[PDB]
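**Student:** If you scroll down you'll find the structure; I have some questions about it.
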Amino acid sequence: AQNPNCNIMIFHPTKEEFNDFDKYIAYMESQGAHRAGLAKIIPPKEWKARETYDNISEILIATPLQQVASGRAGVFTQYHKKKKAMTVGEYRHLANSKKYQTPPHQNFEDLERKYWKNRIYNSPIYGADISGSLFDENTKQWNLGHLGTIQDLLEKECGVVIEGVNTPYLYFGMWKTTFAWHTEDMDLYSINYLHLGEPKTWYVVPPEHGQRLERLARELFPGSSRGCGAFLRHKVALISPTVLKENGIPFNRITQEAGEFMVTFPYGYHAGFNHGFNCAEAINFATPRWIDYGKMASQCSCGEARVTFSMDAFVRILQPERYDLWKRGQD
Ligand SMILES: O=C(O)CNC(=O)C(=O)O
Ligand SMILES: [Mg+2]
Ligand code: NI
Ligand SMILES: [Zn+2]
C-alpha cells in the first residue's frame, strides 16, 4: 500500500506532465497521495497563471465577512458578520493596516504559535466565496476555470444527465482569516491555487480517519452536535493542533505559498489560516474514484449548511433516500 503513514506528498510535474490534469491526479493517487487528504503541486518553472496581478484592485468584494470567534483558544467557533462592500484595493489596504497586519515573527512556526494563541481575540475580515477567476484565458494547463465539470463526470460514469454548473471562486484573505474544519460538499475534491500574497497554512486529517475527527468534534461542541448530525457541514468549528494531538487524532500540516496548488481529496477534513493579505482561487472537481464517496457523504438537513444549486442533482441521483429530508433543509 503506497503512503501508509498518510503523509502529505509534494509533486513537481514537468511541463509535459502538466498537460493532462486528470492523468496527473490519477498519478498522484497511484503514489498514495490521497491517503493524506491533501497534496501540494508545484507547477513547472515554465508555467504561469497569468502575466501580472497589477490590475486586480477593482474586483469587488460584495459581502466581506468579519470572522468573530467564541470559545477557548484551541476550541472555538466562528460566525460571519456581514460587512459593507469594498474593492480588493480597499481590502488590501485594510489588511495592511496596523489593526489587521501580520505581526513581527521569526518564521512560519512562530507565526503558527501566535495564530493559535491569539486568534480568538481578533475578528479578521475574509473576502470569501467570490464567483470568478484570475487565470488568463490563454493559460491552458491547470486553469481552474477550464476543468471538466462534475456534471460531466457523473454523466460519463453513471449515464445520467443532470442540470448544474461548476465554477471557481476567489478568496481574499488577511492575517488570521480562518477556514473551519470541513470536507467538501458531497465529499468532492478541491483544488486551490494561491495566486498572490502571503501564505496559507493547512491542517488535514487522512480520509481513513475522518470519523475520529467527527467523534472529537461531537465531544467538543456538544450543543452543536445535538442540533445536527453533520454539523461540521456548517463550516464554523476550529480545533487546534495541540488539542488534536492531546486527543490522538491523526493529522498533518503544511504551508502553501504563492504559486502553488493544493488538492484536497474526498473526505479529507481540512482547516487553516492565512498569514497576511493574499488571493486564492478554488473549485471542486470529481474523478471516478469520488463517486463512492459521494454516495456515502453525510448531509446537513438542519437548515444551516445551505449550498449551491448544483448540489441538488448530486443528492437526488447519488442519495435518493436522503433527498427529501435534505431538500427540506434547503427550503
Ligand atoms: O482557502 C480557503 O479559505 C478555503 N479553501 C478550501 O477549503 C479549499 O480549497 O478546499
Ligand atoms: Mg481590477
Ligand atoms: Ni475546502
Ligand atoms: Zn446542520
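Following Swiss-Prot, chain A shows residues 11-341, kept in their order.
The deposited model was determined using X-ray crystallography, 1.5 Å.
Quick reminder: no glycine exception, Cβ is built from N, Cα and C everywhere.
Annotation source Swiss-Prot lists 2-oxoglutarate binding site at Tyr136, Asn202, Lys210, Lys245, citing similarity to another entry. Annotation comment: Swiss-Prot describes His192, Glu194, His280 as Fe cation binding site. The Zn(2+) binding site feature in Swiss-Prot is assigned to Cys238, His244, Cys310, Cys312; the stated evidence is a large-scale study or a structure entry. The domain 'JmjN' feature in Swiss-Prot is assigned to 18-60. Feature annotation from Swiss-Prot assigns domain 'JmjC' to 146-312; the stated evidence is sequence analysis. Swiss-Prot lists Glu26, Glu27 with the feature polyADP-ribosyl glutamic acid.
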**Student:** Work through the binding-site residues one by one (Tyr136, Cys238, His280, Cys312) and name whichever has its CA nearest to the CA of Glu27 (polyADP-ribosyl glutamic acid).
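**Tutor:** Nearest candidate: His280.
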**Student:** Which binding-site residues from the set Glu194, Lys210, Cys238, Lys245, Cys310, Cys312 have a C-beta atom lying less than 6 Å away from ligand 4?
**Tutor:** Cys238, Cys310, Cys312
**Student:** Taking the recorded positions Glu26, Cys238, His244, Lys245, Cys310, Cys312, which residues show a Cβ-atom distance to ligand 1 below 6 Å?
**Tutor:** none
**Student:** Just to confirm: which same-chain residues, 6+ apart in sequence, have a Cβ under 8 Å from the Cβ of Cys238 (Zn(2+) binding site)?
**Tutor:** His244, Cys310, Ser311, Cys312, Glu314
**Student:** With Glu194 (Fe cation binding site) as the reference Cα, tell me which of the recorded positions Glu26, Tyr136, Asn202, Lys210, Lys245 is the closest one.
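**Tutor:** Out of the listed candidates, the nearest Cα belongs to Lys245.
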**Student:** Output the one of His192, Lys210, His244 that, of all these binding-site residues, has the highest number of other Cβ atoms within 10 Å of its Cβ.
**Tutor:** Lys210
**Student:** With every protein chain in view, what's the tally of Cβ atoms within 10 Å of the Cβ of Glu194 (Fe cation binding site), excluding that atom itself?
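**Tutor:** A count of 20.
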**Student:** Roughly how many Å separate the Cα of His192 (Fe cation binding site) from that of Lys245 (2-oxoglutarate binding site), to the nearest whole number?
**Tutor:** 6
**Student:** Using the structure shown, find which entry in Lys245, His280 (the binding-site residues) has the sparsest Cβ neighbourhood within 10 Å.
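**Tutor:** Per-residue Cβ counts within 10 Å for the binding-site residues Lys245, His280 bottom out at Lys245.
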**Student:** Fewest neighbouring Cβ atoms within 10 Å: which of the binding-site residues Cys310, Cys312?
**Tutor:** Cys312
**Student:** Within the same chain, and leaving aside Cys238, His244, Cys310, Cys312, name every residue whose CB is within 8 angstroms of the centroid of the CB atoms belonging to the recorded Zn(2+) site, in sequence order.
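**Tutor:** Nearby residues not in the site list: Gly237, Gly239, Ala240, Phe241, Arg243, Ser311, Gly313, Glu314, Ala315, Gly339.
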**Student:** On a C-alpha basis, identify the one among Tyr136, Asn202, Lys210, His280 that is nearest to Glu26 (polyADP-ribosyl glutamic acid); the candidates are the binding-site residues.
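**Tutor:** Of the binding-site residues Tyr136, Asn202, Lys210, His280, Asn202 has its Cα closest to that of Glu26 (polyADP-ribosyl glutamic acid).
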**Student:** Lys210 (2-oxoglutarate binding site) to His280 (Fe cation binding site): how many Å between their Cα atoms?
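**Tutor:** Distance between the two Cα atoms comes out at 12 Å.
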**Student:** Round to a whole number and give the Cα-to-Cα distance in Å for the pair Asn202 (2-oxoglutarate binding site) and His280 (Fe cation binding site).
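**Tutor:** Cα of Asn202 (2-oxoglutarate binding site) to Cα of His280 (Fe cation binding site) measures 13 Å after rounding.
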**Student:** What residues, ordered by sequence, lie under 8 A Cβ-to-Cβ from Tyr136 (2-oxoglutarate binding site) and sit at least six positions away in the same chain?
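**Tutor:** The list for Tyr136 (2-oxoglutarate binding site) reads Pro74, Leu75, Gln77, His90, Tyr181, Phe182, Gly183, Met184, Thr187, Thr188, given in order along the sequence.
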